[PDB]
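Let me begin by presenting the structure, written as structure tokens, before commenting on it.
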Amino acid sequence: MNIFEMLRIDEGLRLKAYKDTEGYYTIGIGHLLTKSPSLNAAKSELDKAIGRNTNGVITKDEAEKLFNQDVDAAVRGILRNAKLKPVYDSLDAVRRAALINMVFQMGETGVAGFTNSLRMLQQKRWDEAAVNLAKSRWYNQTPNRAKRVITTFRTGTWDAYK
Ligand SMILES: [Cl-]
Ligand SMILES: [Cl-]
């Protein structure tokens, strides 16, 4: 198991523009296209991202291509971020994967916001950080996924995913 596999399970794979759990236009493996309630705006972004006249649909290859880009941007975003980097640096491999997952989903800014949890993670207080993570809009809105990510942090294993 690895990050790609992990995120592929959490996000799914849709080749046709759909709306996310917050109603935003997304496509592929959780690739956000736009917040804007407009499908054309969606289609526009989409063609702009793929580089062709898509008509709201992409191929698997395409989908995977956006995913590679996004996973890469998420890692680099963490390593760039003053608040995240040290957390990341302090973590073992499995847990790093959990942090990347949160970053892929909510953005670096969103995550940089779990100040308290971050600190707990850095201090290796697993159970406490898990509890704290749960007190969030995130957990409340996407509780199942949130639980898998939270368990991964708590345990340092991939059990939540097997
Ligand atoms: Cl893009
Ligand atoms: Cl969920």
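Just so we're on the same page: first chain in the structure tokens is A, next is B, and so on; residues restart at 1 for each chain, and ligands are numbered from 1 in the order they show up.
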
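Around ligand 1, using only C-alpha atoms and all ligand atoms and a cut-off of 10 Å, the residues in contact are residues 31, 32, 33, 45, 46, 47, 48, 49, 50, 51, 65, 66, 67, 69 and 70 of chain A.
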
Helix (DSSP H, G or I) residues, from DSSP on the backbone, in chain A, as a PyMOL selection string: chain A and resi 3-11+39-50+60-80+84-90+93-112+115-122+126-134+137-141+143-155+159-161

Contacts of ligand 2, 12 Å or closer, only C-alpha atoms and all ligand atoms, given as a list in words: residues 9, 10, 11, 12, 20, 21, 22, 105, 138, 139, 140, 141, 142, 143, 144, 145, 146, 147, 148 and 149 of chain A

Spatial neighbours of residue A:114, max dist 12 Å, only C-alpha atoms, sep filter under 3 positions, as a ChimeraX atom specification: /A:83-84,87,99,102-103,106-111,117-122,129-130,132-138

Saved selection, atoms kept: C-alpha atoms, as a PDB file, in the first residue's frame:
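Full text of part-v9.pdb as output:
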```pdb
ATOM      1  CA  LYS A  83       3.925  24.771   9.439  1.00  0.00           C
ATOM      2  CA  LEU A  84       3.772  21.399   7.701  1.00  0.00           C
ATOM      3  CA  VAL A  87       5.483  17.878  11.109  1.00  0.00           C
ATOM      4  CA  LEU A  99      -0.624  13.926   6.101  1.00  0.00           C
ATOM      5  CA  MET A 102      -5.249  15.437   4.261  1.00  0.00           C
ATOM      6  CA  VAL A 103      -3.306  17.926   2.153  1.00  0.00           C
ATOM      7  CA  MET A 106      -8.304  20.188   1.855  1.00  0.00           C
ATOM      8  CA  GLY A 107      -5.278  22.069   0.783  1.00  0.00           C
ATOM      9  CA  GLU A 108      -2.178  23.003   2.606  1.00  0.00           C
ATOM     10  CA  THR A 109      -3.836  26.020   4.052  1.00  0.00           C
ATOM     11  CA  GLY A 110      -6.655  24.029   5.438  1.00  0.00           C
ATOM     12  CA  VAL A 111      -4.337  21.599   7.044  1.00  0.00           C
ATOM     13  CA  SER A 117      -3.436  18.412  16.129  1.00  0.00           C
ATOM     14  CA  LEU A 118      -0.203  19.219  14.291  1.00  0.00           C
ATOM     15  CA  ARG A 119       1.531  19.888  17.485  1.00  0.00           C
ATOM     16  CA  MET A 120       0.274  16.670  18.973  1.00  0.00           C
ATOM     17  CA  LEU A 121       1.427  14.755  16.005  1.00  0.00           C
ATOM     18  CA  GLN A 122       4.790  16.313  16.233  1.00  0.00           C
ATOM     19  CA  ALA A 129      -4.050  13.881  18.198  1.00  0.00           C
ATOM     20  CA  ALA A 130      -6.724  11.395  16.978  1.00  0.00           C
ATOM     21  CA  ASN A 132      -8.519  16.317  18.336  1.00  0.00           C
ATOM     22  CA  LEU A 133      -8.646  15.586  14.627  1.00  0.00           C
ATOM     23  CA  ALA A 134     -12.193  14.304  15.124  1.00  0.00           C
ATOM     24  CA  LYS A 135     -13.402  17.646  16.353  1.00  0.00           C
ATOM     25  CA  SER A 136     -13.674  19.252  13.034  1.00  0.00           C
ATOM     26  CA  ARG A 137     -15.891  20.080  10.303  1.00  0.00           C
ATOM     27  CA  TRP A 138     -13.802  17.594   8.229  1.00  0.00           C
TER      28      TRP A 138
END
```

Backbone DSSP call of strand (DSSP E or B) for chain A, listed as a VMD selection string: chain A and resid 14 to 19 25 to 28 31 to 34 57

Residue subset to file, keeping C-alpha atoms, as a compact mmCIF listing (two decimals), in the first residue's frame:
```
# COMPACT_ATOMS: atom_id res chain seq x y z
CA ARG A 14 -14.76 9.29 -12.38
CA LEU A 15 -14.09 10.08 -15.94
CA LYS A 16 -17.01 12.38 -16.24
CA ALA A 17 -17.36 15.73 -14.38
CA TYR A 18 -19.26 15.27 -11.24
CA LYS A 19 -19.90 17.13 -8.13
CA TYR A 25 -17.08 20.26 -9.84
CA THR A 26 -14.46 17.56 -9.80
CA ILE A 27 -13.20 14.90 -12.12
CA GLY A 28 -10.75 11.98 -12.14
CA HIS A 31 -9.29 16.59 -9.07
CA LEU A 32 -11.15 19.75 -8.19
CA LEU A 33 -11.90 21.79 -11.13
CA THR A 34 -13.81 24.74 -9.76
CA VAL A 57 -15.01 13.73 -20.27
```

Between atom CA of residue A:158 and atom CA of residue A:97, distance in Å (one decimal): 9.9 Å

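Atom pair atom CA of residue A:30 / atom CA of residue A:52: separated by 19.8 Å.
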
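Separating atom CA of residue A:5 from atom CA of residue A:161 is a distance of 9.4 Å.
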
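With distances taken over only C-alpha atoms, A:93 is the one residue among A:131, A:93, A:79, A:74 lying closest to residue A:157.
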
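With distances restricted to only C-alpha atoms, A:3 is the closest residue to residue A:72 from A:150, A:160, A:39, A:3.
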